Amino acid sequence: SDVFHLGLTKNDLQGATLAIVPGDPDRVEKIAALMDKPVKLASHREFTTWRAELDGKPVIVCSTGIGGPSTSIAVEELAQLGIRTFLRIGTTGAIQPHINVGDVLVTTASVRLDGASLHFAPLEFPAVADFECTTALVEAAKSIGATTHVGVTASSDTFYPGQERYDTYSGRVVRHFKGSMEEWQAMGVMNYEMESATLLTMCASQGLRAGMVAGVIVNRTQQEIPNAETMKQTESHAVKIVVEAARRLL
C-alpha cells in the first residue's frame, strides 16, 4: 500500500483522477455496479474502495464513513494516489417545509458545524463546492429527471445535538445549538448532513474539485422515522445523478 489507511497503490487506480465518495461502505459496490468493469480494490476499516470505468475512463468509488475525520483521511489519501475531483453522494434530513422526501439536494456551500474543516482553513473560509462539479450535478439531476433544490447545507459533527434532536438519552441540547435549527431554517438552509463542510473546505483550500449531492429521506418539519423502501429508491436516484455528473466531469 502507498497510503496509511486505504490499502491502495497508485497502480490500483490505473490513472483515475475522479472519485465518487459515499459515506456508507455498502453503497460502494452499488455505485460501481452502475458503471463499466467494476472491480473491488480494498476494504479496511470504514474505507471500501472499488474501481470502475466510465466512457472508457477509470473512476474510483471510495467510502468515507460518517463524519469529517474519516472523510479527511480518505480524501487526503485519494489525493496522494492521484484523485483531483471528488463527488460526494449522501443521505440527508431536510429542514425546509417545501422540500419533500425523495427530493435531490445539490450543495453550493456548507455551514461549518464541524471540526475537521478548521484543520485546513480558518472558519471565515467558505466551505464552497467547485463550480464545475455543482454545474455537472445540477445538469445530471435535470438529465435523469428529479425534484432538485440548490443551496446551503448545514454540515454537523453530530447526528443528534448538532441537528437539534431532543429524542436522546439526555434529552438536552447544549446552549450553542439550542434554537439553531430554527435559525438555519430562517437563513434558507436546506438540510443537515455530516461530511460536506470537511470535504468542501479541504478541497477548495487545496486546489481539489468537490461536489455534493444528497437524497432526502426525512423531513424534520413533518417526520423522523422514514420508510425502508423509499430510502433505497431515493438512494438509487441520487446514485444515478452522481454517476451522470461524473460523466460530465471526466
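Counting begins at 1, following the sequence as shown.
Asker: Determine, for stretches 221-229 and 178-186, which one has the higher mean CA B-factor as deposited.
Answerer: Higher mean C-alpha B-factor: 221-229.
Asker: Can you work out whether the C-alpha temperature factor of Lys30 puts it in the lowest, middle or highest third of the chain?
Answerer: As the PDB entry reports it, the C-alpha B-factor of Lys30 lands in the highest third of its chain.
Asker: Split into thirds by Cα B-factor across the chain's modelled residues, where does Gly145 land: lowest, middle or highest?
Answerer: According to the entry, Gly145 has a C-alpha B-factor in the chain's highest third.
Asker: Thinking about Cα B factors across the chain, which third does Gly211 belong to?
Answerer: According to the entry, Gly211 has a C-alpha B-factor in the chain's middle third.
Asker: Which third of the chain does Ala245 land in by C-alpha B-factor: lowest, middle or highest?
Answerer: Middle third.
Asker: Against its chain's modelled residues, does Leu6's Cα B factor rank lowest, middle or highest third?
Answerer: For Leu6, whose C-alpha B-factor we compare with every modelled residue in the chain, the answer is the lowest third.
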